[PDB]
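Listed next as structure tokens is one chain, alone, in the form solved without this ligand.
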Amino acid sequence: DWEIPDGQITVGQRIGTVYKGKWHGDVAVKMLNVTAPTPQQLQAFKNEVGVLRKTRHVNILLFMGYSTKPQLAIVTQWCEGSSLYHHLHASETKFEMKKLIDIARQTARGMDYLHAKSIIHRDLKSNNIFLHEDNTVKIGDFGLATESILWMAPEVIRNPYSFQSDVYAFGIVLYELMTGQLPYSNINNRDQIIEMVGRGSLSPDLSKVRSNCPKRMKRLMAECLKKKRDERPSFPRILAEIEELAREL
């Protein structure tokens, strides 16, 4: 059992619900603050716990246990540092290419691991990628996994979710790394992007990628961003490629 007997966790400050806590060291706790969970609230809990229970990988957020009796709660490791979103989009400090490649590799290993276990993340984005101690990638925020608009494949815009969708979202994450920007800087209208990406009249501007960016990465990026879902690569190939060029330079 991964059920942590309640009263063993010293809950602390709020983060966003999620609390930093104390349980044999630093932990993070996601507490559903309801009086009595909906039948839907219960299955969402069981599902997230069931999928977390099957993950043991350094690039996946470490699940540590759950609580049921007082409230629904999911306990994971405590990550120090910020999300990839914050580092790229909301911070002055920008990364060297070698690290950007490394961040890409670590994410791909995690995604490759998940897909090997028949798990679709369905919400991969730079915000769900935690740079633990600013070096080690941790894929997390597992609210929707099974067994955010800018990171959506056209067939998710228009079951839409698949391994292929996870690949597209990973493609956008790559675009973030290699540009430092979010896709569609021109568009400020939600419903415009939705229609345009959905139709296939729109795609990320790969001309914006850094001059340093290896052509191998740029090519791969384009592949993961293919509008036809079945034309997109699988993570074994994605990881292989990223691994190839990482050694290459």
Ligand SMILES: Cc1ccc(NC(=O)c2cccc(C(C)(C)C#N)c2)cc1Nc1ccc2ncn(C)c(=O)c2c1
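The first residue of the shown sequence is 1; numbering continues from there. Only residues modelled in both forms are compared. C-alpha atoms forming the largest set that superposes within 1.5 Å between two forms make up the rigid core.
Below: the form deposited with this ligand bound, not depicted.
Practice item. Please overlay the site onto where this ligand binds in the deposited complex and tell me whether the pocket on the shown chain stays open or is blocked (3 or more ligand atoms within 2.4 angstroms of backbone or C-beta atoms). Key: Judged by the transferred pose of this ligand in the deposited complex, this form is blocked (3 or more ligand atoms within 2.4 Å of backbone or C-beta).
Practice item. Heavy atoms, 4.5 Å, this ligand in the deposited complex: which of 217-225, 50-58, 196-204, 176-184 makes the cut? Say which one. Key: In the other structure, the partner sits against 50-58.
Review point. According to a 4.5 angstroms non-hydrogen atom cut-off, is residue 79 in contact with this ligand in the deposited complex?
Key: Output for residue 79 is yes: heavy atoms within 4.5 Å of this ligand.
Exercise for review: Tell me, yes or no, whether residue 11 is in contact with this ligand in the deposited complex, where a contact means a heavy atom of each within 4.5 Å.
Suggested key: No, residue 11 is distant from the partner.
Review point. Does at least one non-hydrogen atom of residue 168 fall within 4.5 angstroms of this ligand in the deposited complex?
Key: No, residue 168 is distant from the partner.
Exercise for review: Examine residue 153 and determine whether its closest non-hydrogen atom to this ligand in the deposited complex is within 4.5 angstroms.
Suggested key: Flag for residue 153 set to no.
**Study point:** 172, 74, 101, 108 - the one with a heavy atom within 4.5 Å of this ligand in the deposited complex
**Key:** Exactly one residue meets the criterion: 74.
Practice item. Sequence order please: the residues of 150-174 with a heavy atom within 4.5 Å of this ligand in the deposited complex. Key: If the 4.5 Å heavy-atom criterion is applied to this ligand in the deposited complex, 150-174 yields nothing.
Review point. Among residues found in both forms, what runs of at least 3 in a row have Cα shifts of 2 Å or more between the shown form and the other one after core fitting?
Key: Core-superposed, the runs shifting 2 Å or more come out as 38-40, 142-145.
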